[PDB]
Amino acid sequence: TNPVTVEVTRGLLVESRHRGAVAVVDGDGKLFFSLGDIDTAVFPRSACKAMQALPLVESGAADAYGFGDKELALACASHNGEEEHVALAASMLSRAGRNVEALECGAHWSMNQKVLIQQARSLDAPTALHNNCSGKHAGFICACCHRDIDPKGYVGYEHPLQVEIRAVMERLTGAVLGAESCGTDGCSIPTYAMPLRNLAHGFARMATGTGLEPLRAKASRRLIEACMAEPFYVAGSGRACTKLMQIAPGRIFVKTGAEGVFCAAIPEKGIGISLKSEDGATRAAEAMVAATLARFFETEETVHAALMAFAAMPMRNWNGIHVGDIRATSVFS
């Protein structure tokens, strides 16, 4: 039933189509704009990494280990596995008296083609540090170590870290997080399906502080402001999240999830954004978060023009010929 949110053209015709859902919620919980089904439970995957970084800050670990915005950004990141990402994750772990062996996420090659070419040339195999979640896992291990909680088995459903993350994420989103909503993430931690409406509300609360206690309100500001200050560390070279946060420095928060999830926030407008490409395609979610953010910057021509470049992405073939476009539909008007 979800509307067609993205078209992919070739010649004079639409070659492929994507359906999806978009929730835009203010800090008080009012729905500002919606497309399609924002009530059915959806897996946020990596899109809610900023929510999961709150124990790192709220525990006092970030302060105890003298982390700045680059380590905060990396803990909120789906990074490319570039040398800067690896080194920082290694550094975050070392400051907690730990190494790569403490990571329980496993290893993978970069999903970014140019970075995988760099990795393939310089490595026999990637390590846990090269995992896009290695920053988030580093932050988890630091959160544990700072409070003298054994980080071994931190991925486990009833490890006190995962108990803390449920409690935090239920408070932010007002969603029920439990066994029936639970799945295993690519990094072997729990991911909880919840309505896009609730996920949007969670990010609006972090962005605005509305309904949050002072410590949580402050920790949420530090994380959102870190990602916007150090956008390379959230993603990296050639990535949409990094480029989208260089359009309007310090003003727009975005984060991708696996399976075509995007979360975003505009703290100055007090709004949180969540969305899902029903088929899970990254290119669709990317076109959709751009067209959605653009609705709020129509009277800022240069920002609007920069966002609309991601909402209407040209495709060139191997000879650099324009063959067609990836275009958000009129539903974003």
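Numbering starts at 1 and runs along the sequence shown.
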| request: Between 84-92 and 253-261, point out the one with the higher average CA B-factor as the PDB entry records it. | output: 84-92
| field | 118-126 set against 231-239, stretch whose average Cα temperature factor tops the other in the entry | value | 118-126
| Out of 245, 204, 77, 142, which shows the largest CA B-factor listed in the entry? | 142
| query | Out of 288, 64, 273, 47, which shows the largest CA B-factor listed in the entry? | reply | 64
| said: Looking at the temperature factor on the CA atom of residue 303, which third of the chain's modelled residues does it land in? | reply: middle
| Should residue 181 be placed in the lowest, middle or highest third of its chain by the C-alpha B factor in the entry? | highest
| Hey, what third does residue 283 fall into on Cα B-factor, ranked over its chain? | lowest
| Mind checking which third residue 43 falls in for C-alpha B-factor across the chain? | lowest
| field | residue 24 - Cα temperature factor, lowest/middle/highest third of chain | value | middle
